[PDB]
Amino acid sequence: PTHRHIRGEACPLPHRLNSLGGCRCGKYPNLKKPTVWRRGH
Ligand SMILES: [Zn+2]
Ligand SMILES: [Zn+2]
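Right, dumping it as structure tokens:
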């Protein structure tokens with residue numbers, strides 16, 4: 445799938461973010477920001 449950027453995080457890989465801007469696998473919580481769909485990289 446497409447991984448989301450929380451806008452200014454230096455790419456949250458290799459963790460997979462959902463629509464709330466975080467990864468259920470402990471690393472990124474529910475920040476809820478205008479998250480950008482990035483998968484061109
Ligand atoms: Zn990225
Ligand atoms: Zn994670």
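Mapping of the sequence shown onto the entry's author numbering: residues 445 to 485, in sequence order. No residue lacks a Cβ here, since even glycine has one placed at the ideal position from N, Cα and C.
Residue range of the unbroken beta strand (DSSP E) whose run includes residue i
i    : result
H447 : 447-449
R482 : 480-482
Cβ distance (whole Å) where residue i is taken to contact residue j below 8 Å
i    : j    : result
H449 : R483 : With 8 Å as the limit, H449 and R483 do not qualify as a contact, their Cβ atoms being about 10 Å apart.
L461 : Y472 : 6 Å
Opposing strand residues paired with residue i [DSSP bridges]
i    : result
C467 : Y472
Check: Hey, which residues come within less than 5 Å of ligand 2, measuring from Cβ to any heavy atom, in chain order?
Finding: Taking each Cβ in turn, the ones that pass are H459, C467, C469, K471.
Checklist line | Around ligand 1, Cβ to any heavy atom closer than 6 Å, ordered along the chain | finding: Here the residues come out as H447, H449, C455, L457, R482, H485.
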